[PDB]
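Descriptive analysis of the structure
Listed here are the chains, written in short residue letters.
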Amino acid sequence: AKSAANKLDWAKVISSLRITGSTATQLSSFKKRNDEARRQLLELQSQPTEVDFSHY
Amino acid sequence: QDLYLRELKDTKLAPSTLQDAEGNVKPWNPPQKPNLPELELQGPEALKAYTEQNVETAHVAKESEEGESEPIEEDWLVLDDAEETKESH
Amino acid sequence: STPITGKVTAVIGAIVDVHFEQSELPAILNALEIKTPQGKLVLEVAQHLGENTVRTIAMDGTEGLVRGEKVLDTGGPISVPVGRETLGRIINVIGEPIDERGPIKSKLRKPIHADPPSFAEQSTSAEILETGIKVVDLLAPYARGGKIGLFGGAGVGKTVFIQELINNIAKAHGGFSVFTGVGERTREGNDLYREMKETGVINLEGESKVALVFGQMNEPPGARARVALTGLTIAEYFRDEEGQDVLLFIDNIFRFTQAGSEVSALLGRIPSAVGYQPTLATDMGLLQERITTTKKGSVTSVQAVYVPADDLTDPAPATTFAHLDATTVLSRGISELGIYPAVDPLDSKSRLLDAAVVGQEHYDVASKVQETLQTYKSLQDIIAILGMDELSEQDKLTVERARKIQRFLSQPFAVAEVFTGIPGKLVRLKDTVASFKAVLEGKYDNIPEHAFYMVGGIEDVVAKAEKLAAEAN
Amino acid sequence: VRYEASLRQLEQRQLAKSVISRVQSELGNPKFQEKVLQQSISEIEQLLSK
Amino acid sequence: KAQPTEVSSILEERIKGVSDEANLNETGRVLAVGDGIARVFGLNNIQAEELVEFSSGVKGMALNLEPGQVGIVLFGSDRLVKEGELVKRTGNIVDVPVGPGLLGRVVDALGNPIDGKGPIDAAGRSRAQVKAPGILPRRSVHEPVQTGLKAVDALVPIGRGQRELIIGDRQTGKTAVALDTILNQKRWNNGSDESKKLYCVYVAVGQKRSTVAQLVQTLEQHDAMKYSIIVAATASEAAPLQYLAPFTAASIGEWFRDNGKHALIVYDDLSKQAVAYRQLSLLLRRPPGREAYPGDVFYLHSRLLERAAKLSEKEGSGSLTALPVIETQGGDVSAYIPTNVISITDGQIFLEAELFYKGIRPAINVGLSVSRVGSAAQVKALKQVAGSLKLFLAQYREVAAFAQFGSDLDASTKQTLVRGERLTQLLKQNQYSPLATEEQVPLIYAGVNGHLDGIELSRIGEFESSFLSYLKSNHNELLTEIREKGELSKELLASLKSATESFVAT
Ligand SMILES: Nc1ncnc2c1ncn2[C@@H]1O[C@H](COP(=O)(O)OP(=O)(O)OP(=O)(O)O)[C@@H](O)[C@H]1O
């Protein structure tokens with residue numbers, strides 16, 4: 001359900017067309033892009049965080 | 001086949017004093033018990049890192065904080081610099 | 001005791017046919033002796049014609065053989081004395097020294113046609129061998145237990161380069177050197193021996209750090225097709241017994257391919273394409289795959305290449321280049337600018353200049369160095385045409401930085417202390433990467449160009465900067 | 001797990017040089033004599049069987 | 001501990017049991033061993049290409065029979081086979097262990113494993129010289145082999161059962177394409193459906209020991225060794241091993257082919273197999289042909305590569321797909337060997353050296369690399385959004401030498417030149433990062449429809465990972481749509497255009 005957040009962010013991108021010279025607002029969206037792109041590879045990267053006592 | 005039989009009996013029994021009864025070894029001049037189960041037993045923690053990686057360091061994360069509960073003397077600066085951006089906008 | 005005595009039935013040039021009496025025959029690649037008034041004459045059995053009759057290739061001159069002489073057998077392959085007593089002793093392919101320093105009191109005698117190491121023992125991550133010369137360990141690093149193609153004709157400091165490798169492997173990794181001249185010119189064989197005495201890598205009284213194997217040109221071709229194997233076995237005993245990282249120097253591998261051509265054309269096998277022997281890939285592999293890295297130690301090989309008629313689709317360089325991990329070119333246009341060594345930067349490329357092995361920082365620094373000298377070379381025409389006014393600040397700084405790097409590549413040698421007198425600086429890798437990194441950043445642009453010529457590291461760069469600041473005022 | 005496989009390889013190479021020791025143990029015997037009887041009765045078993 | 005001695009003693013019982021029935025209607029003396037081949041007297045009931053065993057462990061294949069004597073080629077160095085020894089005949093045409101138990105192992109040409117992981121759990125033996133399947137149990141290819149490279153699945157697609165050639169030059173990035181394809185098949189080898197899994201058999205011939213060691217280490221870093229089969233015939237070992245090893249690996253492939261499953265094989269590289277074959281035919285006095293490969297060297301690569309196609313439903317819908325690798329000499333496509341592999345395989349991926357010299361890795365020359373039955377078996381989505389891309393790169397290649405004049409031009413050539421440079425910089429790819437088709441569609445889709453034209457040329461390399469992470473964080477449902485459907489409908493296309501123009505706008 002993150003697409004509503006990002007859809008309203010691109011809505012504010014085509015509305016931040018109206019204010020040229022954005023200092024750090026797009027950089028704040030860059031920081032949420034940074035850790036949101038980090039968290040998905042973090043959750044997909046891991047194994048089930050346990051020692052496999054049956055086989056291993 | 002007594003060829004096979006005597007071969008396998010010497011095959012079983014000639015290291016059986018190295019495996020069954022621990023009268024360590026007659027032909028090998030260095031001793032065998034301080035090779036693998038005494039020296040090389042701590043081998044993998046002599047081959048990997050000791051007391052951080054093998055003890056594995058169940059470690060507490062550094063609790064990173066918020067903007068330290070100070071709105072005023074920086075929200076007014078953000079507001080006036082935003083006035084300056086909208087001047088430049 | 002129980003000798004296997006037969007008669008020589010046929011002498012054809014360098015081919016010798018030996019008849020044996022029945023139920024006695026040694027297999028292929030076993031050493032046979034013939035006693036002469038001049039010494040011993042060694043044969044290696046290569047083909048069995050049936051009829052209890054073998055056919056060998058010579059290992060020394062085959063004049064004067066009466067057919068019917070007794071043929072003594074030694075069972076195994078060509079034995080070589082190995083170990084500590086072999087150091088500083090010029091051994092031919094037979095196993096006898098020719099420096100007239102008496103017999104070599106070595107402890108074992110090893111075969112040379114051994115097995116290459118099995119696949120479970122091949123080391124599964126080729127690390128970087130810290131050689132010691134800067135431009136080697138920066139741009140085209142030598143693979144630890146890999147293969148290195150050292151190009152270029154003589155007279156560009158190639159012997160100086162290879163003695164510098166000897167001293168730096170003696171210092172840093174403590175490894176010994178085994179030099180092997182297959183097909184080596186005899187005169188420059190003696191000149192190499194004299195120079196290796198005077199540079200200190202051969203001490204006739206102390207502990208020398210090299211074993212010489214000189215298979216001369218005037219031996220029959222069966223000799224030169226095994227001299228490299230002799231040097232290889234002297235490498236293997238230092239590898240798998242005492243556990244070191246040993247440098248095997250081979251000059252010159254194209255003459256080894258000629259030895260293969262003439263041995264397998266004297267045997268009457270049909271010649272291949274261009275005229276090299278049809279056992280080309282296999283009899284290059286039996287020399288290459290015994291130079292590798294096991295879990296005990298490693299032997300890294302520096303072997304030259306005479307490119308035939310300046311052409312690289314000829315199968316002898318086109319077969320050597322399916323094995324070489326890293327090339328190193330000693331060009332003309334770099335020693336012509338008075339640079340020691342003359343490791344040309346744009347040409348000497350490695351298969352182990354990769355960030356997954358050398359690390360990210362090393363690969364970044366080396367990539368920026370290659371692009372810097374690349375842009376420098378692409379600018380060197382319009383530098384003469386237009387001058388330094390067509391350079392923008394994007395460009396004139398790159399010209400300055402690249403002159404700084406090109407002067408910075410030269411290194412004071414551990415062997416040019418009787419040449420130039422400047423004592424050699426064995427530069428580590430962790431100094432080298434950081435030094436080139438700091439010059440690529442721009443933290444020493446104020447330093448003049450003259451203080452970068454024949455400098456060890458960034459610390460001696462700072463010291464020479466202060467000394468030339470003092471001499472200018 | 002890697003070190004366990006390495007220790008198994010070391011056990012196997014120790015028993016390989018022990019096999020060399022067993023070759024040295026076997027080859028001094030009058031099994032060199034006694035074993036000709038084994039071949040004799042074995043050839044009796046093989047060649048009669050057809 | 002003594003557990004392998006237990007197993008070896010059970011094998012001693014087998015050897016002692018075999019000694020109770022050992023009567024070798026065969027044995028003959030070794031008359032003469034020469035030229036690396038043996039002549040044997042006796043053996044009056046041997047077969048053509050029957051395996052024999054000398055008295056030193058070196059096996060051999062009896063490849064010719066004459067009235068009087070039999071000529072047996074060796075399978076190793078001739079240092080072991082001595083004159084006057086004893087030649088038992090095994091009884092078999094040359095076979096290798098096939099079956100699923102080889103997955104993970106590293107064998108040489110005769111099924112002897114050399115990894116050090118015990119004996120091969122062998123589900124059977126199969127001949128090396130199998131007749132290829134005739135024209136009736138064949139189906140034309142209709143399933144994708146998603147290699148994971150961008151440019152391969154963009155331009156030159158590979159069908160299950162389509163023999164494609166990776167031709168190139170020395171140290172020009174030939175092996176990396178096959179290695180990236182094997183690592184891309186991890187998408188389905190972790191999965192559950194058999195008919196989407198794709199087993200990889202990598203057959204290293206003529207290469208160094210340490211290269212195959214590093215390649216096994218690479219296929220255990222990224223975990224490919226639950227489905228890999230390495231057949232190694234390294235250049236230390238002698239020539240008829242290299243003549244044999246790709247054929248035995250093709251028998252390994254046919255075992256997976258007949259049993260319904262799908263499997264990829266990689267020959268690497270057959271220009272050293274023809275080296276080994278010209279060695280074996282120039283030591284038996286057979287006279288050479290053009291450039292001294294012997295006159296039947298077309299037939300060798302024929303009878304090798306023709307044991308790989310797509311079986312129809314009548315035999316079980318299994319498959320075998322081959323990627324031979326040919327080392328040419330300096331960008332040549334017209335020596336005698338690379339004009340025989342081309343005249344068998346269904347197309348080329350000509351990895352030209354000049355483009356890798358400019359760092360564009362992998363260096364597929366687009367205007368030369370073509371595939372013949374690739375187009376009928378691509379993923380439907382890429383075929384919908386790259387039907388211009390081959391023609392557009394042909395268009396850009398037309399104006400390649402026309403723009404070197406430096407002359408000022410019209411608007412259309414500048415537009416195509418900018419879009420062509422963005423596409424050329426776009427198809428680069430780092431090592432060991434294959435992109436699945438679910439991510440190959442949007443990147444190519446951003447390339448086709450002019451969205452990149454505002455970006456500078458250097459940002460494109462990080463534009464790739466940025467636009468991918470933008471789609472991974474937010475429009476994950478579009479990636480699942482491309483995964484499930486494999487096809488872009490109109491609504492999917494419009495949503496994708498919105499999701500492009502969003503991230504394109506910043
Ligand atoms: N995508 C890539 N990323 C990084 N490096 C690459 C890539 N593609 C190729 N290379 C480089 O190409 C070099 C050789 O790769 P590869 O083995 O495929 O070439 P090759 O011609 O097949 O060599 P050989 O024929 O000896 O196997 C490697 O050192 C590798 O670093």
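Residues numbered from 1 in each chain as written, not as in the entry; some residues may be left out. Chains lettered and ligands numbered in written order. Part of a larger assembly, values for the part shown. Heavy atoms only, no water. Residues with missing side-chain atoms left out of burial classes, pairs and counts.

Header annotation of the entry names cryo-EM as the structure determination method and lists the resolution as 3.8 Å.

If you look chain D up in the PDB entry, it shows as ATP synthase subunit 4, mitochondrial from Saccharomyces cerevisiae.

Going by the annotation in the PDB entry, the name recorded for chain A is ATP synthase subunit d, mitochondrial, with Saccharomyces cerevisiae given as the source organism.

1. Brief notes about the interface of chain E and chain C
The criterion, for reference: Whether two residues touch is decided by their heavy atoms; if any such pair falls within 4.5 Å, the residues are in contact. Defined here as a combined quantity, buried area equals the accessible surface (1.4 Å probe) lost by two parts on assembly, summed across both. We define a salt bridge as a contact between a side-chain nitrogen of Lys or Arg and a carboxyl oxygen of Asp or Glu at a distance within 4 Å. Two N or O atoms count as a polar contact when they lie within 3.5 Å, although within protein this holds only if one can serve as hydrogen donor and the other as acceptor, and sequence-adjacent residues are included solely when both atoms are side-chain atoms. For helices the rule is a DSSP run of H or I covering at least 4 residues; for strands it is a run of E covering at least 2, with both sets numbered from the N terminus onward. Nonpolar residues are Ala, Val, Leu, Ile, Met, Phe, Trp, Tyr, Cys and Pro. Charged residues are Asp, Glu, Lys and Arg, and all others, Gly as well, are polar.
Taken together, the contact between chain E and chain C spans 39 residues of the former and 44 residues of the latter. Of all residues in chain E, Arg 79, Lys 208 and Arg 209 of chain E bury the most surface against chain C, accounting for 18% of the area lost on that side. The interface formed by chain E and chain C includes 2 salt bridges. Note that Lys 208 of chain E is salt-bridged to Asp 325 of chain C, the shortest N-O span being 3.0 Å. For the interface between chain E and chain C, the tally reads 8 residue pairs in polar contact. Here the side of chain E that touches chain C takes 7 residues from helix α5 (residues 209–221) of chain E, the largest share from any one element. In terms of residue class, the side of chain E that touches chain C is built from 16 nonpolar, 8 polar and 15 charged.

2. As for helix α3 (residues 186–198) of chain C
Residues and elements named next belong to chain C. Convention followed: Multiplying 1.5 Å by the residue count of a helix minus one yields the expected span of that helix. Only protein chains enter the accessibility calculation, which uses a 1.4 Å probe; a residue is then buried when its area is under 20% of its type maximum, exposed when over 50%, and partly exposed in between. The arc under discussion is defined with respect to the helix axis, by the directions toward the C-beta atoms.
Under the 1.5 Å per step criterion, the end-to-end length of α3 is 19 Å for 13 residues, consistent within 8% with the ideal 18 Å. Every buried residue of α3 is accounted for by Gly 189, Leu 192, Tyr 193 and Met 196. Projected onto a plane normal to the axis of α3, the buried residues spread over an arc of 100 degrees and lie on a single side. Along α3, the residues that are exposed and aim more than 90 degrees away from the buried face are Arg 187 and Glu 198.

3. So, the site of the ligand
Definition in use: Note on terminology: near, applied to a residue and a molecule or strand, indicates that one of the residue's heavy atoms is within 4 Å of it. Residue ranges assigned to each domain were obtained from an automatic or database domain assignment.
Taken together, the neighbourhood of the ligand is formed by 14 residues, with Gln 171, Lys 174, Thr 175, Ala 176 and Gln 429 of chain E sitting nearest. With respect to the ligand, its neighbouring residues span chains C and E. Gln 171 of chain E has a polar backbone atom sitting 3.0 Å from an oxygen atom of the ligand. At 2.9 Å from an oxygen atom of the ligand is found a main-chain nitrogen or oxygen belonging to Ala 176 of chain E. Of the residues that make up the shell around the ligand, three or more belong to each of domain 2 (93–378) and domain 3 (379–506) of chain E.

4. A short note on the side chain of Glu 352 of chain E
Along the chain, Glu 352 of chain E turns up in the loop between β16 (347–348) and α10 (353–357). Dropping the residues within four chain positions of it, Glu 352 of chain E is found in contact with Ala 363 and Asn 365 of chain E.

5. Comments concerning the sheet that holds strand β14 (residues 245–251) of chain C
All names here are of chain C. For the record, the criterion: Strand pairing requires that DSSP identify at least two bridges connecting the strands. Every axis corresponds to a line fitted to the C-alpha atoms, with the helix fit spanning only the stretch in contact, and the corresponding angles, defined between N-to-C directions, vary from 0 to 180 degrees.
Strand order in the open sheet formed by 6 strands is β13-β12-β14-β15-β11-β16, and the pairing between neighbours is parallel. What marks the edges here is a single partner per strand, and that holds for β13 (210–216) and β16 (326–328). For this sheet the average axis-to-axis angle between neighbouring strands, irrespective of direction, equals 15 degrees. Running at roughly 55 degrees to strand β12 (residues 177–184), helix α5 (residues 253–266) makes contact with β12, β14 and β15 (298–304) of the sheet.

6. Comments concerning the packing of helix α3 (residues 175–184) of chain E against α5 of chain E
All names here are of chain E. Test applied: For classification, angles of less than 35 degrees are called roughly parallel, those exceeding 145 degrees roughly antiparallel, those between 65 and 115 degrees roughly perpendicular, and all remaining angles oblique. A clockwise turn of the near helix away from the far one marks a right-handed crossing, whereas an anticlockwise turn of less than a right angle marks a left-handed crossing.
Following both chains from N to C, one finds α3 and α5 inclined at 30 degrees, their axes separated by 11 Å at the closest point. Here α5 runs roughly parallel to α3, going by the angle between their axes. For α3 against α5, the interelement crossing comes out right-handed. Between α3 and α5, the residues in contact are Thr 175, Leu 179, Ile 182 and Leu 183 and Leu 215, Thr 218 and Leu 219, respectively. Residue classes in the contact of α3 with α5 are distributed as 5 nonpolar, 2 polar and no charged.

7. Remarks on the environment of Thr 328 of chain E
All names here are of chain E. By the element assignment, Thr 328 lies in the loop between β15 (325–327) and α9 (338–341). Classification of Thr 328 as buried rests on a relative accessible area of 3%. Note: C-alpha distance between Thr 328 and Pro 434 (106 residues apart in sequence) is 26 Å. Setting aside anything within four residues of it in sequence, one finds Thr 328 in contact with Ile 167, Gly 168, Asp 169 and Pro 338. Engagement of the side chain of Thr 328 in a polar contact is seen with the backbone oxygen of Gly 168, the distance being 2.7 Å. Side chain to side chain, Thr 328 and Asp 169 meet in a polar contact 2.3 Å long.

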